[PDB]
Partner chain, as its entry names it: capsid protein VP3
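Form solved without its partner chain, single chain, as structure tokens, below.
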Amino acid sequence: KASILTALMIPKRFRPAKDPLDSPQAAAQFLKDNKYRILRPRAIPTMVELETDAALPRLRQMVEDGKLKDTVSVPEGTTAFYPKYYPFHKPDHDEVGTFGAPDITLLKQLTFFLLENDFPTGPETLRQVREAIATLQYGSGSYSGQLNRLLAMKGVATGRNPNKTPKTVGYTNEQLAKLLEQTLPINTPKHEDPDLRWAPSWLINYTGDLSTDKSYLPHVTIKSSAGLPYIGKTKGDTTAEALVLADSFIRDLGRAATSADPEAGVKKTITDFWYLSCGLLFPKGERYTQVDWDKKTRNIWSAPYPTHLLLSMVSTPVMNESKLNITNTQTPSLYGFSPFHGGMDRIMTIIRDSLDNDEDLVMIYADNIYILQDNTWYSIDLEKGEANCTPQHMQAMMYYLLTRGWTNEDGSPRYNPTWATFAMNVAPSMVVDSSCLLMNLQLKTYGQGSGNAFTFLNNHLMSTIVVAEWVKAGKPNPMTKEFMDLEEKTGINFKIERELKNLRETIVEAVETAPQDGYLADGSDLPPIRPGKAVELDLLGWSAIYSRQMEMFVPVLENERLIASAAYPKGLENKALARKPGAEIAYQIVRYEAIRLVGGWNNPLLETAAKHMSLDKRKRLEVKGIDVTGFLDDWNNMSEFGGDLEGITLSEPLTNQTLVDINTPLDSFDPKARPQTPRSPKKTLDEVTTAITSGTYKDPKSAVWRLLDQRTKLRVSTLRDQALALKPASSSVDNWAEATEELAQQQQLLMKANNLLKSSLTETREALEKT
């Protein structure tokens, strides 16, 4: 019985608080009070329409064939205005909808299944999912979170442990390159890949003939932001404009560098294209802690499309040929590592051999360091990695790429003076210690912009410096003050994230507790009643579980990440796909299959609930006669785990065979059969460090490499003379090696003059910030 009034008419959803910093006035005051640098704002000319065939002559046929728009929009207007970037933050105080909704259906299903099943780990799984729903929130944070994040970046860069250039730490570019030959082994780009000698649009071959139509340019995310000067546009809306701007910037830089006044010309080009150094401060979508919603929002420094393209032309041809890591090469690098297809078992074999031989082990992946020492596994992360970066760290990376990557077999460069100018003299100051845009505020970026094309490379170099210093200090244990003292030594902040004790015993336990029943145990299509002990390496987010069926370790997503993903799944995040009938149900199937595939299969309660949900959806589709195989075959793009599990289809329900197939290695593994690094093959990181400590590798032997190192010390007014010193090697003239030797000697001699010594990175930053 209820009243007529009533008759007439699970954790609660998180509602973010009102954000007091959501206005330019309040945000600017907050930053001023916290002494965060706000730049004097710079203006961008309005857009002018130009004919595509005049601006991009190489693409005339594409315009004629109606495959490319006949006009391009470029910032050449008579009036210039200050740009404004207002990102959405969801959920927010006024809007708590489907975006960032926790999976309450899964929570109810986990509860129903726990009541029917006696899984000993079942109560803890339910408790963890409920706790993650109650304490976390998937979304794009807040203006307060973004602003507080900027303060933390400034604190890392300039606070307790101010940043140090590699030169202050005690490394020359050549010494760093010797370390990188070991920690980031690289191959040269393919001989058929064009050298760094051209305007980007010249790398497009279009005639209409499908058999030959090719682009030698890097691939791009079409739906991603164009960045400045095209706020609100995607890369798909602005590819022609990006080519025009990237061609103009490289062309103007090249002409200015060899002009009668290189300093005036180079500075003018940099000032005219200032916006190529300013990133849109995009709030990153993550599973944030509800109580810290306004205290921290991670940012993506959204690089201008032309800058992204020019930087990617230097890095991607090298990196595409350099998927060299500890599982296939004798290197600490984890670059290109996959724990699938036997990857985790190769890691476990290396770990087990190190433990058996009483050897220390180090692994590096960007801002992640892994140390095995004293029967303990340590996970060390750089503290807000990007904030530690100086333009000189990126310049050392450019030096490494141009000396070890962009080089011919005879030692001649695979670049001309224009590209050496962009790469060495300008590019590091475009994305490191430059600026970002939030609302109408042009803010200083402390360190490198997170998400720029060189993020991974720059972070990897910083971890390389920390590791080289660790080796130099006699490998102090990560839990000691001697290890923590490497922060001040390097100017790089870091923290011990994980300490996995009794490693040897943990591995024995993981093998012994491996279940006899279920997936990868006896190979049935059921989870184990009692999962075995995981080796919680958190190796790029992965733990290791022993398989009795396959007689190997296999990866499972680290528990906390698995629970967070189950509690707050990412939605479809594609309005076009979402409007197609069956895309939502297909995405729901994908979400439940992917959570099982990454590790849910080994969590009995989670596997039971997720299997039931995906089977129920498939059954409904079958009865209804609705075919979604198209979406299920091309599932990768609709899943946060899509990049992790390539080459598999979700059109058939997950079985033991799916788990066998994803873990199947192409080849057997022998760690002793791994090739040595392409450069200094016989040398180890320890031998290189010993050589450096003694004063070796200060200068490269190659005159071409000496010119490139001198390029990092000489002021911009010397660019025309530096171009003349490089022209013989760059043109591969007869006797270029002897000619380069004489020119590098003449240049080293003239460098005695201190008035010629100024970082072009400082000159670039000064020209970018000019008002």
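Positions refer to the first chain, counted from 1. Rigid core here is just the name for the largest C-alpha set that superposes within 1.5 Å across the two forms.
Keep in mind that the form solved in complex with its partner chain is missing from the display, and what follows is about it.
Answer option from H89, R346, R414, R404, heavy atom within 4.5 Å of its partner chain in the bound PDB entry: Of the candidates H89, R346, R414, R404, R414 is the one lying within 4.5 Å of its partner chain in the bound PDB entry.
Partner-contacting position among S312, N187, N408, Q373 - heavy atom within 4.5 Å of its partner chain in the bound PDB entry: Answer to the contact question: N408.
Using a 4.5 angstroms cut-off on non-hydrogen atoms, would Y216 count as touching its partner chain in the bound PDB entry? Although its partner chain is absent here, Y216 would touch it in the bound PDB entry, with heavy atoms inside 4.5 Å.
Please tell me whether any heavy atom belonging to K284 falls inside 4.5 Å of a heavy atom of its partner chain, as the geometry stands in the bound PDB entry. Flag for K284 set to no.
Residue-level contact is defined here as any heavy atom of the residue lying within 4.5 Å of its partner chain in the bound PDB entry; does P194 satisfy this criterion? Result yes; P194 sits at the interface with its partner chain in the bound PDB entry.
At 4.5 Å between heavy atoms, is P531 in contact with its partner chain in the bound PDB entry? Judged by the heavy-atom cut-off of 4.5 Å, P531 is well away from its partner chain in the bound PDB entry.
Proximity to its partner chain in the bound PDB entry (heavy atom, within 4.5 Å), stretch among 243-251, 471-479, 456-464, 298-306: Contact-bearing stretch, as computed: 243-251.
Any idea which of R579, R160, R127, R251 has its C-alpha shifted 2 Å or more between the shown form and the other one with the rigid core fixed? The only residue crossing the 2 Å threshold is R579.
Taking the rigid core as the superposition reference, indicate whether the CA of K624 shifts 2 angstroms or more between the shown form and the other one. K624 C-alpha, core-superposed: shift of 2 Å or more.
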